[PDB]
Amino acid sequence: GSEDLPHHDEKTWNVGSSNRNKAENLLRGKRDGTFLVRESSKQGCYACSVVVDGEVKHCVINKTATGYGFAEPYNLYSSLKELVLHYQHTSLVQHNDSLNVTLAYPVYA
């Protein structure tokens, strides 16, 4: 079952306060759907960096009263790990036609 997924160990994908440049270093040469989460330069927000079509894409993660998320009406998740578990089985295409991947492979899995 999905309890086996590496996503359940937050250390496989949460790279703390790493900046954009460090995120890009980490994902170089990785297969599509490899991802990480980190703090954003936008203080108090987070970011997801994910490989799509061989390129690293960066998405801000909002922190709102109803939860974390990428956009309304999806700012719903009580933690980063709930967000990550959701998008392990939800393509980001519902947010942007150019992000048609799941959060498939934690960078340190």
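Numbers follow the displayed sequence, beginning with 1.
Participant: Mean C-alpha B-factor higher for 57-65, or for 75-83?
Facilitator: If you average the C-alpha B-factors of 57-65 and of 75-83, the larger mean comes out for 57-65.
Participant: What stretch has the higher average Cα B-factor here, 84-92 or 7-15?
Facilitator: Higher of the two, by average CA B-factor, is 7-15.
Participant: By its CA B factor, does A109 count among the lowest, middle or highest third of the modelled residues in the chain?
Facilitator: According to the entry, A109 has a C-alpha B-factor in the chain's highest third.
Participant: Select lowest, middle or highest to describe the third in which the CA B-factor of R28 falls within its chain in this entry.
Facilitator: It belongs to the highest third of the chain when residues are ordered by C-alpha B-factor.
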